[PDB]
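Asks: Would you be able to build a 3D model of this:
(chains A, B, C, D, E, F, G and H)
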Amino acid sequence: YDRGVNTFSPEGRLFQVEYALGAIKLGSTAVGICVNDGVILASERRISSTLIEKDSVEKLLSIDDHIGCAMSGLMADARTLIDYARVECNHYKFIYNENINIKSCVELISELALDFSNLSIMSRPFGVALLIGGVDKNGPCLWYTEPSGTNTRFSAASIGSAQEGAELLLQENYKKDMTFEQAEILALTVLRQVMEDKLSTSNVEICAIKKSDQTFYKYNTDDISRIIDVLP
Amino acid sequence: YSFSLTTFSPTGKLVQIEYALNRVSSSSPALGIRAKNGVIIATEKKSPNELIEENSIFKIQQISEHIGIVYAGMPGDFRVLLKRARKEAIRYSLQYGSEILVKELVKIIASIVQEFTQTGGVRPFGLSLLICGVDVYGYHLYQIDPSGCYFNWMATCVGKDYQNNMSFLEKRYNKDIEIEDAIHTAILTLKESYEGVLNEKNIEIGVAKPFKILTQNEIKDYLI
Amino acid sequence: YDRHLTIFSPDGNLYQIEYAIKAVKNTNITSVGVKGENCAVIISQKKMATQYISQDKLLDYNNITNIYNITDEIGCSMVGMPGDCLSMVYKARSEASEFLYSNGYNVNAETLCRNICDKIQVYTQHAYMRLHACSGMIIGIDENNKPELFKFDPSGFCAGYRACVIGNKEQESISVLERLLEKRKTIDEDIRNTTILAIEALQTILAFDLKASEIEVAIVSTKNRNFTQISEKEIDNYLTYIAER
Amino acid sequence: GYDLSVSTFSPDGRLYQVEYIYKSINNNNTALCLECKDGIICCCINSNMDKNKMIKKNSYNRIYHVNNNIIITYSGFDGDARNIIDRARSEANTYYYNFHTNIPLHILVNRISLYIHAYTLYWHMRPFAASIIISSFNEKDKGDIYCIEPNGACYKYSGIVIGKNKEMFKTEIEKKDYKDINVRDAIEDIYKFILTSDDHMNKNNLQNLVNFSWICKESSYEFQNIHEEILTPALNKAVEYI
Amino acid sequence: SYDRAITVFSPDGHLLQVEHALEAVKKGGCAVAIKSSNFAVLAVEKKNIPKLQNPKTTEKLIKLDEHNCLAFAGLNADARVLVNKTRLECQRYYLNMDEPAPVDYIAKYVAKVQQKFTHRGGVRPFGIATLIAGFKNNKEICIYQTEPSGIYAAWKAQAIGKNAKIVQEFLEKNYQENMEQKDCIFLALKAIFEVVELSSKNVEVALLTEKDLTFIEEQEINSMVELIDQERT
Amino acid sequence: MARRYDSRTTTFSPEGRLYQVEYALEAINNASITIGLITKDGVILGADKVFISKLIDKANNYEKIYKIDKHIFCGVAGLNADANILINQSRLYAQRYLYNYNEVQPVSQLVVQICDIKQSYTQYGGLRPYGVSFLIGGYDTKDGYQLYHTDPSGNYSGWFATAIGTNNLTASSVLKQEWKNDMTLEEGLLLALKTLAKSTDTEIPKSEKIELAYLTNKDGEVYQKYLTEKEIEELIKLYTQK
Amino acid sequence: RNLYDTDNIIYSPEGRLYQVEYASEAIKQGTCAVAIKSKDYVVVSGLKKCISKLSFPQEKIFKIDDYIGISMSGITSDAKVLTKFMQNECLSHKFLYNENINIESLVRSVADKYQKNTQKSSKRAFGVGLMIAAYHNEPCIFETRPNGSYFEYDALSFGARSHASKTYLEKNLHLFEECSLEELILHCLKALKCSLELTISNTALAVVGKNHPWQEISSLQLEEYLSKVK
Amino acid sequence: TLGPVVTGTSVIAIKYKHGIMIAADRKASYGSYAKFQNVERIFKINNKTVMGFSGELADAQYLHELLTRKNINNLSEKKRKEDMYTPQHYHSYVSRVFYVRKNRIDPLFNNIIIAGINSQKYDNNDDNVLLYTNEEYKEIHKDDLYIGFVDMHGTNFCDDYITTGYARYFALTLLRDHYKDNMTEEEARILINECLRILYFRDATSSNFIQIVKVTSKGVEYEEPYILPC
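Replies: Numbers count the residues shown, from 1 in each chain, chains lettered A, B, ... in the order given. Next comes the structure:
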């Protein structure tokens, strides 16, 4: 209305990024867990209709062969960010002939965010939270980025509507030493507790990047069926 | 940073153009009369205060050999549009080798005047132009508004009390009159609305031979 | 916001032009231009424009001057906000130099004033730039050996004059100049009489005795086409010639 | 409402933003330049930094120079003044590139005045908040001191003060003619005037809050900051006098 | 506003200009798209003044390229310019790849352009929603629905425009996966006539196959309208 | 800040409406009426002139109806200067299509181009929209005779007969009551005169405030006629005979 | 003041730029950082922000060049932009010439970059304050601010609760010049601890100086120093 | 500059115990025409840096103007004598200028010598610099002295002695045979005079009217120009 996009609040906070931080609270809940064997990203898919093609809406995407990501907030803005991330990761691979570090990909993603500030072109903040998981030379890792441009590495993290309860459950149940299978069980139990559904196949989406192939793997019905049967 | 300062009101009006027209209606009056063998444009001013050079404040100006112009409104806007119109007539002559037709000049300047009612970060021109001339298709008298609208007139007035002067011309004007009769009618129309006695110093008349601007002695001889 | 920008008010007025003219009036500097038979003179009050900073005693008073050269032969006085007036002097110099380069001969006073007013009209029409609060008188000698004296204001309205004033008093200073010129009605005699009339007009308009140190006088003539300031001693002699009857 | 843009005149023919800039400058740290018999002496009193105790000794210096023979100082914001000083150095560089001689002082002052003035014209540019003193001295021409105001006005002085407490400094400097007093004798007077005028300044912070520079015969008519050996007896004599 | 940000975040985190674009979509004519084994049916509301307005001139069902077609709901002129941009991109892809544009690529591009217009200074958002029917590279047929925000999703059957929710809940209770052609046009017609007045002049229905898009002749629409009149009594 | 002076012309309203577009439509609705219709012989455009004064040159002056090309002509409703701009642009587009393809532009393509120009001002930038609505009539071989109606939004539609401007609803009522498919040139002209009379609230239509023109194809060549007051007077007396 | 804080090019009636002041206000919410020096060394310490139990600490100090490092307080994206600018300037000087960049010239260029964003209405001040530690013929500590100013310090600290650190530095400034490196590290860590316990995770700590390129102190050495402080 | 028209001949620079001695005859030839015979071809950059040229005079004057403004801008930013640019800094700058112009196919038709004293630890001449107005010589280690060559293609290097033009064959042979470290002023003068004598006899573009310039602890000294003895 009256304040420009670059206006500072009296507290020293940009109005637009503060407002964009309300958009990330909306959306479907997702969780990421990092352990020594690899990183898992789980997500709920709130399917609005039976007529929608379920695989057409993707909450978990692959920024690269070794990078997965879960998005929350405005989905179109999220897809814009992930497309930019894919382009720049492939540019890094072409220029250097190696897989990009997860931190570098997160940093360039957060550099595209806040491009509207025009410090040195987008018009506004992106209003997107991303949990970017991956496996680089320094092992598996998970990062969290938000419209303010801050990046934060996490052992375990959550995004979306039920971020608070998900992070509470993760804080209670996460350990640094748990195995990959226990990490999958923890992720699906957190999603079970925060969801309002019976947690069937074609109700959650699961992906993982392990330290055996360092390759993005999108799960299928057999894998969610296995982990669900393993759940207590 | 470029946006239109002229905008549609809730009732569809462009208030800035209305206000430019208001500035036109307060400025000193000018007029034109087309006669069957010519066309004249006339205007008045306050009497000079014994110091200002009268020849340096002519409102009637020559555009080309058979095209002249007068205005009612803001003088600086008039100088800018006068320079642009001379440039456009010269551009036509460079292109086609002949003098610019009056209609083409009027259309070009009308579009230029319109452009300042829509282009960003500007106001409309604060004047109304009267352009008189002769070409192969005959004698022309055209008005141009601040809006960029233009009108083909037989006789008109474009300033203070122009409704009264237009009624006077409507009673007096005829489709077939001599240049002398038109000049007499123009002088009478000017002195009707003027407060007091209209001397030769309070008159400028241009007539379209090339476009001529009358001398003070000629105006006095008309005022007998 | 119709009065904030250079856009029309409901009455058809551009109030920013009026307020720029008020800013010119606020400086409390009087300048007077006069035309002779083959000469022209400008006199100005050589005082700092009334602004935020007042006159310091350590201020070099010789450096104060509202009169400037545009070319060797064309000159001017410029009254208003001092930064605006300096910017307009530089603009006039650039226009004169561009005319000389493009056309190969020196511009005259009238064409210079019309080019300057063309520049001023852009300020009057474009909302994104402030009007220069600067009124100016320009003098020169044309190719026909007759003196040119022209005057422009922030509105962009150029006019030639036999005599003119930029100052706080108008329609009284006009009467003073009218009386002096109708009273007036050899090249050295013309130069002396025009300089005397300019000095006496400023003395009558300002309504106090003029010190030669606190006024600047400049002149063009067929005798010396270069626009040159007369010395303080000559101005003192001219002031002495006043009141000697 | 008329004071929200530099590019708008108020009904009484004033630009309020420039007046607010003047108010900003008059609250800032004091600067002064003074013509003397053998030179010009420039002095910047940074009284605002009396609170900050951990600043490095004599690191903050508002006195700069162009061509090693023109002093340039300011009162106002540091960044804006650095912008103006960079423009001055660019103008000097361009003038020497074109003409192979150094820029005359009055030409540089006019060009910097126009550069300052151009930012007071448009609705989208912040006008510079700084008053700029530019000065020089020569054996033949003696001293030339100019002060450029935030509105673009430039005026020549024999001595000038800008910033906080400039009225008291001007009153004390006006008490005697300095064109027949050498710079070395003038330093003591400047220290006495600082002790009498600025209440934050005292004996214990004169040595580290005041920048001094000059151009005189002893410096071969080129820029130099006063050494501690010349400053210390002068401020000691000023403190003993006070 | 050459480059001013028109779409900005409100204090609650919403983009109000996108919401207003959605409101403009809600005022537009209703469109419905239904998928089948190897064909799709697209039906659009049309309102024209009888005896005065030329009914051919207003095409809301549009052939984008060789194998893709588009319905829309919202501002018509915005639809025209975006559709022309999409056609240009279709032929640009077919220049750069030497294979026709897949439907998923076209839907992604339309969503990208809409998102870009929500996220660039000095441009208004597109006030339209679209239903893009077409064929994938593997010859599977798909329908993609896109919104003013730039979000898109693929649908078995979907409706956009005014009163789209009632048509959606109808299609949920009446869509039966693979269907013959005649029942598919019948489903589309009754679904759009839930909200639209029941007449043949108020609907335009077309069928997309691999070979072409064929508009159903008005006699069939008249007969099916009579049948829908019959079943309601 | 200049964004305080920005009205944001290309910004949505809460109802998904462009307020500037709606105000331009309001400006159009207050303008004098322009009617169009299609006969078997060809396309008819009529309009009611705005009487400013009797001193207007009424010899060969047409302010409502304009030629765009030998096969395309148009009638204006709204602001005349915007209409002149868009008419010149339409003439440029028609001749650009003839340059590029060596054949005349179909009427729909010209309508699409000028309406794209109109839509651009509503979507792009921060300028006001064009306050004009056109009735573009014409002929081409592929589609025959055609009459389109445009708007400030860049929305356009296609009509066999319609009206725009003041009293357009009653004109449309008279048109739907009286217009029919297979109609001759004389019948269409009489219907146009009847519609102008009914919408202008006059028992008898006066020739001095009627512009009337028509486009017709004969011998495979398109011909436009702009009726003079003499021919219009002939049609007026023929209308009164019936 | 609501009229005059709306755009960054507006001076208030008191001659204040409120948007630049708000950019400065953004700096006080950052975590505390401290920098001190001796005759030979500059030691920088900082508190790493940790936003939750499962988070890792936000990085606080960054290497610019072999003998130049920084710490930041404020908006971290602005700090990243300034960091990349400084690193590019240092490497460009090492490319064009065969010498280290002058620290004063680098700091002036950064301050010019700060100031250029305060002039136009289409830009905002960098909402971040940098402390720049280097050894270029002597230990040196600089500070930059959103308004385009810069200063040089014998000791510096800013961020949240930096007033206690400033008080400790005011008390202990006279010792730092003759302190050895171990005592200097202990003093900087104690000044940081006054702002609060410290931990190897949540404590950034780096040294630069004579014959000593910029080096973050290892976790084991940091553990030893933190044990000695307690 | 398509090619040379007014050309300067060889320049010879050597290190000796008190600093740099650089020599060049004062002739500029217009082809075979010895048009100008009192030209200066050794330019002072700063108190510890001089430049000499062989080849086109216009390009050399342009480079001299560039280095003059570089020195002035360096002085404007100076706060201590260590901030003054060294001869190797100017050598790198000139090499970069030549390299970029080579990349544009717009070369300066010159071979340039940049010579001087790298170290500030021998004098306090830079504490108070005088641009417009001018004890025993201190022995300076050769490591603190710098002489650097640049050519048209930007090929740049440094050595204890440098020659340009015809001196690369005549003078350089005698230099490589007879040069030794820590020569006195007299020995350096005798060696240079022998080299210039051979060049005067065998280089048609050479003159016997020599300009000698010395960079020492007391700055840059332009010797009075002399005719070659015998």
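Asks: Quick check: residue C:112 vs chain A, distance?
Replies: Using Cβ to the nearest Cβ, to the nearest Å, residue C:112 is found at 42 Å from chain A. The way it works is simple: take the backbone N, C-alpha and C, and place the C-beta from them, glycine included.
Asks: Which residue is the nearest non-sequential neighbour of the closest residue to chain G within chain F?
Replies: When scored by Cβ to the nearest Cβ, chain F has residue F:1 as its residue closest to chain G, at 4.1 Å. Closest residue to residue F:1 apart from its sequence neighbours, by Cβ to Cβ, 6 or more residues apart in numbering or on different chains: residue G:7 at 4.1 Å.
Asks: does the one you found sit in a helix, a strand or a coil?
Replies: Assigned by DSSP: H, G, I helix; E, B strand; the rest coil, the conformation of residue G:7 is coil.
Asks: What about it, how many residues nearby?
Replies: 24 (other Cβ atoms under 10 Å in any protein chain shown).
Asks: State whether residue B:181 and residue B:36 are indeed in contact, as I suppose.
Replies: No - Residue B:181 sits out of contact with residue B:36 when judged by Cβ atoms under 8 Å, with a separation of 9.9 Å.
Asks: Tell me where the longest strand sits in chain E.
Replies: strand E:128-135 (DSSP state E).
Asks: Partner strands of it, with direction?
Replies: strand E:69-74 (antiparallel), strand E:141-146 (antiparallel) (DSSP bridges).
Asks: Serialize those to CSV and add fields for mean neighbour count.
Replies: Below are these laid out as CSV (neighbours: other Cβ atoms under 10 Å in any protein chain shown):
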stretch, mean neighbour count
strand E:69-74, 27
strand E:141-146, 24
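Asks: and residue F:88, which of the ones you listed is closest to it?
Replies: Closest to residue F:88 of the strands paired with strand E:128-135, according to Cβ to Cβ: strand E:69-74, at 31.1 Å.
Asks: Dump the closest one to CSV, restricted to CA.
Replies: C-alpha atoms of strand E:69-74 as CSV (Å, rounded to 0.1, in the frame of the first residue of the first chain):
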residue,chain,number,x,y,z
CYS,E,69,-6.1,-27.3,-26.7
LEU,E,70,-7.1,-24.8,-24.1
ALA,E,71,-10.2,-23.7,-22.3
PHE,E,72,-10.1,-20.7,-20.0
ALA,E,73,-12.2,-18.7,-17.5
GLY,E,74,-11.6,-15.0,-16.6
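Asks: quick one: the strand or helix carrying residue F:98 near chain B?
Replies: Assigned by DSSP states H and E, residue F:98 belongs to helix F:80-101. Yes - using Cβ under 8 Å from any Cβ of the partner chain, helix F:80-101 reaches chain B at F:80, F:81, F:82, F:84, F:85, F:88.
Asks: For chain C, see how far away the fourth one is.
Replies: Meaning residue F:84. 22 Å.
Asks: need the contact list for the residue in chain F that chain H sits nearest to.
Replies: Per Cβ to the nearest Cβ, residue F:1 is where chain F lies closest to chain H, at 36.4 Å. By Cβ atoms under 8 Å, 6 or more residues apart in numbering or on different chains, residue F:1 lies in contact with D:4, D:5, D:123, G:6, G:7, G:9, G:10, G:121.
Asks: what do you get for residue A:169?
Replies: A:189, A:190, A:193, A:194.
Asks: can you do 10 Å?
Replies: By Cβ atoms under 10 Å, 6 or more residues apart in numbering or on different chains, residue A:169 lies in contact with A:31, A:156, A:158, A:162, A:186, A:189, A:190, A:191, A:192, A:193, A:194.
Asks: near chain F, which residues of chain C?
Replies: Within chain C, the positions near chain F by Cβ under 10 Å from any Cβ of the partner chain are C:1, C:4, C:5, C:7, C:127, C:128.
Asks: mind checking the SS state of residue D:41?
Replies: Assigned by three-state DSSP, the conformation of residue D:41 is strand.
Asks: what number of residues lie near it?
Replies: Using other Cβ under 10 Å, the number of residues around residue D:41 comes to 29.
Asks: and residue E:220, how many neighbours?
Replies: Neighbours of residue E:220 under the rule other Cβ under 10 Å: 15.
Asks: closest point of chain A to chain C, which residue?
Replies: As assessed by Cβ to the nearest Cβ, chain C sits closest to residue A:2 within chain A, at 14.1 Å.
Asks: mind checking the backbone torsions on the closest residue to residue F:16 other than its chain neighbours?
Replies: Setting aside the residues directly before and after it, residue F:16 is nearest to residue E:24 in space (Cβ to Cβ, 6+ apart), at 2.8 Å. According to degrees, to the nearest 10, the main-chain angles of residue E:24 amount to phi -60, psi -40.
Asks: Among the contacts of residue A:169, name the buried ones.
Replies: A:31, A:156, A:158, A:162, A:186, A:189, A:190, A:191, A:192, A:194 (16 or more other Cβ atoms under 10 Å in any protein chain shown).
Asks: can I assume the last one is in contact with residue A:29?
Replies: Yes - applying Cβ atoms under 10 Å, one finds residue A:194 in contact with residue A:29, separated by 5.5 Å.
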